[PDB]
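Following: one structure in C-alpha cells, then a few remarks.
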Amino acid sequence: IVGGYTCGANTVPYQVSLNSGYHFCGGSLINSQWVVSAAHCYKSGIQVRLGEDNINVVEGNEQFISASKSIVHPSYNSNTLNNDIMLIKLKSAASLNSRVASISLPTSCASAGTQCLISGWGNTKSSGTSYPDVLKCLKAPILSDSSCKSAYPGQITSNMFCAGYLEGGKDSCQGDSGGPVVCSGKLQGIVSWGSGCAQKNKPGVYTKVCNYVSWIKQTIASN
Ligand SMILES: [Ca+2]
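Be aware that the sequence shown starts at 1, since it is given in the deposited numbering, and climbs by one per residue.
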C-alpha cells in the first residue's frame with residue numbers, strides 16, 4: 001500500500017497472508033474454511049496465515065493452516081487478468097473470534113463514489129522498494145467506469161473496476177495482490193493489477209467480486 005496508514009493489530013480480521021516460505025499475496029476469509037484471492041497469486045504449497053499483524057513476529061493471535069485445494073476461476077486469462085479470482089480451501093476450519101472473522105459477500109455491486117478500505121503488506125513506495133512488516137490500510141473511492149476505461153483504454157472488462165485517485169500518490173502495490181477491497185462491510189474487490197503504483201492517471205484495477213458470487217457459493221457448496 002502506497003500512501004496509506006498503519007491499520008492496527010487485528011483491526012482487519014478477514015485479512016490473510018498467503019505464505020510459501022515468505023508472504024507473497026493477500027486474501028480474504030469468507031467463511032471458516034475458505035479464502036478468496038487473485039488467480040495470478042496461484043502456486044502450489046500455500047499456507048494460509050490468519051490473525052496476522054507483524055508477519056515477521058509471532059504475536060499470539062495467529063492461525064497457520066495449510067491449503068487442501070486451490071481453484072482458479074475456469075475462465076481466468078493470465079494475459080488480460082480477466083477473471084482474476086481463485087478460491088482456497090483450508091485443511092481444517094479456522095477458529096473465528098473478534099480478531100479472525102469472515103467478511104460478507106455482496107448481494108449487489110457497488111457504484112462509483114463508494115468509499116472502500118484496501119489493506120495489505122505490499123510495497124509502500126511508488127519509486128523504489130520498501131516492504132512493511134505490519135498491515136497497512138487505505139481508504140479509496142470506486143471510480144467511474146468511464147474514468148477507469150479512459151485511464152486504461154482497451155484493457156478494462158466488465159469483471160474489473162478502478163479505485164483510487166487519478167492524481168496519484170495513494171494506491172495498492174506489488175504484494176497487496178489478492179487482498180480485500182471492502183465497502184460498506186462487504187467484499188467488493190480483489191487487488192489485481194495496475195501500471196506501476198500510485199502513478200498519476202493510473203489507478204488500481206480490481207476484480208469485481210459481485211460478478212462471481214454464484215460461482216463462489218456453488219463451488220463452496222460442492223467442495
Ligand atoms: Ca505475526
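Backbone N, C-alpha and C define an ideal beta-carbon position, used for all residues, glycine too.
The alpha helix (DSSP H) that contains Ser-144, what's its start and end? Here residue 144 refers to the residue found at position 144 of the sequence shown. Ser-144 -> no alpha helix (DSSP H), and no H or E assigned at all.
Between the stretch 7–22 and the stretch 34–52, are three or more C-beta pairs nearer than 8 angstroms? yes
Rounded to whole angstroms, what's the CA-CA distance from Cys-173 to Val-72? Just pull it up for me. One-based indexing of the sequence shown puts residue 173 at position 173. One-based indexing of the sequence shown puts residue 72 at position 72. The alpha-carbon atoms of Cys-173 and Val-72 are separated by roughly 22 angstroms.
I need the DSSP call for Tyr-131, collapsed to helix, strand or coil. The residue you call residue 131 lines up with position 131 of the sequence shown. Correct three-state label for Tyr-131: coil.
For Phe-161, count neighbouring C-beta atoms within 10 Å of its own C-beta (all shown protein chains included) and say buried if the count is 16 or more, exposed if not. Within the sequence shown, numbered from 1, the residue matching residue 161 stands at position 161. Under this definition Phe-161 is a buried residue.
Out of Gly-26, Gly-164, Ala-140, point me to the one whose CA is closest to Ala-151's CA. Residue mapping note: residue 151 aligns to position 151 of the sequence shown, counting from 1. Nearest of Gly-26, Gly-164, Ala-140 to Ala-151, Cα basis: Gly-164.
Runs of beta strand (DSSP E) lying entirely within the stretch 136–217, each at least 3 residues, in chain order: 136–141, 160–163, 180–183, 186–193, 204–208
Selected residue, minimal CA-CA separation from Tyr-131, among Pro-180, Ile-55, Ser-68, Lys-170: Against the sequence shown, residue 131 aligns to sequence position 131. Answer by Cα proximity: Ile-55.
With a floor of 3 residues, list each beta strand (DSSP E) that falls wholly inside the stretch 51–100, ordered by position along the chain. 63–72, 86–90
Presumed contact (8 angstroms Cβ cut-off) between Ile-103 and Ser-158, rounded CB distance: Taking the sequence shown and counting its residues from 1, one reaches residue 103 at position 103. Taking the sequence shown and counting its residues from 1, one reaches residue 158 at position 158. Wrong, their Cβ atoms sit about 23 angstroms apart, outside the cutoff.
Hey, is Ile-65 close to ligand 1, as in C-beta under 7 angstroms from one of its heavy atoms? As a working note, residue 65 is residue 65 in the sequence shown. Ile-65 Cβ: outside cutoff for every heavy atom of ligand 1.
Is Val-213 a contact residue of ligand 1, with contact defined as CB to any heavy atom under 7 angstroms? The count along the sequence shown starts at 1 and reaches residue 213 at position 213. No, the Cβ of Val-213 stays beyond 7 angstroms of every heavy atom of ligand 1.
Would you mind working out which of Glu-167, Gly-185, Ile-142, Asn-201 sits nearest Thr-207, comparing C-alpha positions? The residue labelled residue 207 in the question sits at position 207 within the sequence shown. Among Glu-167, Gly-185, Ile-142, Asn-201, the Cα nearest to that of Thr-207 is on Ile-142.
Would you kindly check if the distance between the Cβ of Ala-38 and the Cβ of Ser-177 is under 8 angstroms? Position 177 of the sequence shown holds residue 177. Position 38 of the sequence shown holds residue 38. Yes, they are a contact pair.
Among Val-191, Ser-32, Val-134, nearest to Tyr-5 - alpha-carbon criterion: Here residue 5 refers to the residue found at position 5 of the sequence shown. The shortest C-alpha separation from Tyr-5 is found at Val-134.
For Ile-1, three-class secondary structure by DSSP: For the purposes of this step, residue 1 is taken as residue 1 along the sequence shown, with counting starting at 1. Three-state DSSP puts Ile-1 in coil, outside helix and strand.
Would you report the Cα separation of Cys-109 and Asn-61, rounded to the nearest angstrom? Locating residue 109 in the sequence shown gives position 109, where the first residue counts as 1. Locating residue 61 in the sequence shown gives position 61, where the first residue counts as 1. When rounded, the distance between both Cα atoms is 33 angstroms.
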